[PDB]
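Starting off, we have a lone chain in the form deposited without this ligand, written out as structure tokens.
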């Protein structure tokens, strides 16, 4: 009888934040992996002490050896640099191989950028079902779209439904049309004077650039509280079979007119992985932005294939 095992491939800012979350939520034993010697082990000691304050029994361990990931139920990958593409492609290939050897039945959540591109390399090097490999981005872009909308309307973000599909990047595709307040079309709140069409346009673009906005303010580093919470919600939805509807980068085999690619779309995450891809009724205009956003992904996936 075994506790769920959650391995974080990469013990940087996002990685360590995800470990704290896993410990605060007693999701499972946490393994922080990193190539930098000692550092993960030091974060793990800090986190282990934090459990005494949370009155939990969570085992958190740091390591520099991939062998410690054997039997992981969930793996979340932030390892990489933020000529970056061939480097990260090399690392993700190495991560994918180690996963296939040590924990091939794991559910795998990629975060390393360019997200959608690196997701497919991971799957290819890993060989696991396309159903149990995915990338976090849409949940993050959605949480920002949701937050910005929620702030202007002055309602809880819980009651704001918003989504971002396509690729993680400046050409991500926020969908103002599908935004709702507890299922009420956002258009209704324009008519009632809660928000104007211009402010929605601005929030849509602010959602597109939100990462850069944080990066500019932080001065040194990118966002990580929300990136981490996003990947952990995906991990929570898998481990507790919550069947949550979330935008994630997932393998498509015809939906939205894409084949053999990981792209950001709404899915149902459950105990078996990405159990259902949801096919939105995009308008022509929305399909086009989606097709332009994933252009870069198609080409880079094809370029990196050529270079192996």
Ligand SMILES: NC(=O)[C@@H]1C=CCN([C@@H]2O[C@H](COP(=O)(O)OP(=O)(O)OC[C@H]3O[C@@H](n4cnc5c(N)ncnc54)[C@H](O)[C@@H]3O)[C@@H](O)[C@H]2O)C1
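Numbering follows the first chain given and starts at 1.
Absent from the display: the form deposited with this ligand bound. The rest refers to it.
Site status: open, since this ligand, placed by superposing the C-alphas around its site in the bound PDB entry, has no atom within 2.4 Å of backbone or C-beta atoms. Residues with any non-hydrogen atom within 4.5 angstroms of this ligand in the bound PDB entry fall in just one of 157-165, 233-241, 100-108, 71-79: 71-79.
In the bound PDB entry, at least one heavy atom of residue 136 sits within 4.5 Å of this ligand. The shortest heavy atom separation between residue 39 and this ligand in the bound PDB entry is within 4.5 Å. Contact check for residue 207: every heavy atom lies farther than 4.5 Å from this ligand in the bound PDB entry. Within this chain, residue 200 is remote from the site of this ligand in the bound PDB entry, having no heavy atom within 4.5 Å. Proximity to this ligand in the bound PDB entry, defined as a heavy atom within 4.5 Å, singles out one entry of 140, 149, 173, 121, which is 140. Residue-level contacts in the bound PDB entry: of 24, 13, 300, 289, one residue has a heavy atom within 4.5 Å of this ligand, and it is 13.
In the bound PDB entry, 111, 112, 113, 115 are the residues of 98-131 with at least one heavy atom within 4.5 Å of this ligand, listed from first to last.
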